[PDB]
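Undergrad: Give me a model of this one.
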Amino acid sequence: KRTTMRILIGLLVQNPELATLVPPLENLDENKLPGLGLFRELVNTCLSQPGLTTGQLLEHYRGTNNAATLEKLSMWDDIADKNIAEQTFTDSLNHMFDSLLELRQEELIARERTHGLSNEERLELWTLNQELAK
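TA: Numbering: from 1, shown residues only. Provided below are the atomic coordinates:
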């Protein structure tokens, strides 16, 4: 639950164009979920300057007064980039052999259109069709 806010903050700092996908936060009350005030603040800053880059966003956090905040904004950016690199990795792992599966599939289809397929081969084609979900 604490990482939810941190992930949101982090992702938005990494890509401020995501402010675009935040529904309205005005009627919420800040006082109820730690970090929400910060999120709201960034979202507002993002809406007030569309097209922002990460660096341009981080300009609003110069000065001594903002240092503890600038800090967490950068930490959280990194924690988030890792979380999604992790997720890309796990997702790529799952599709590792796709190039190889998707040509046994071509081979089975071609076999099927000229000679046809045995019972086992029909089942394998079916399995490949599930696995290549598009």
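
Undergrad: Go ahead and flag the most central residue of this structure.
TA: residue 84 (5.8 Å; CA atoms, centre = their mean).

Undergrad: how far away is it from residue 117?
TA: From residue 84 across to residue 117, the span is 41 Å (CB to CB, to the nearest Å). Every C-beta, even on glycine, is put in place using the N, C-alpha and C of the backbone.

Undergrad: and what of residue 22?
TA: 51 Å.

Undergrad: Check residue 31 too.
TA: Going from residue 31 to residue 117 by CB to CB gives 65 Å.

Undergrad: Those two - which one has more neighbours?
TA: residue 117 (15 against 8; other CB atoms under 10 Å).

Undergrad: Report the contact partners of the residue nearest to the centre of the chain.
TA: Contact partners of residue 84, counting by CB atoms under 8 Å, 6 or more residues apart in numbering, are residue 11.

Undergrad: now do residue 20
TA: Per CB under 8 Å, 6+ apart, neighbours of residue 20: none.

Undergrad: Backbone dihedrals for it, both of them.
TA: Residue 20 has phi and psi values of phi -40, psi -30 when expressed as degrees, to the nearest 10.

Undergrad: go on, the one 3 residues further on?
TA: Recorded main-chain torsions at residue 23 are phi -70, psi 170, according to degrees, to the nearest 10.
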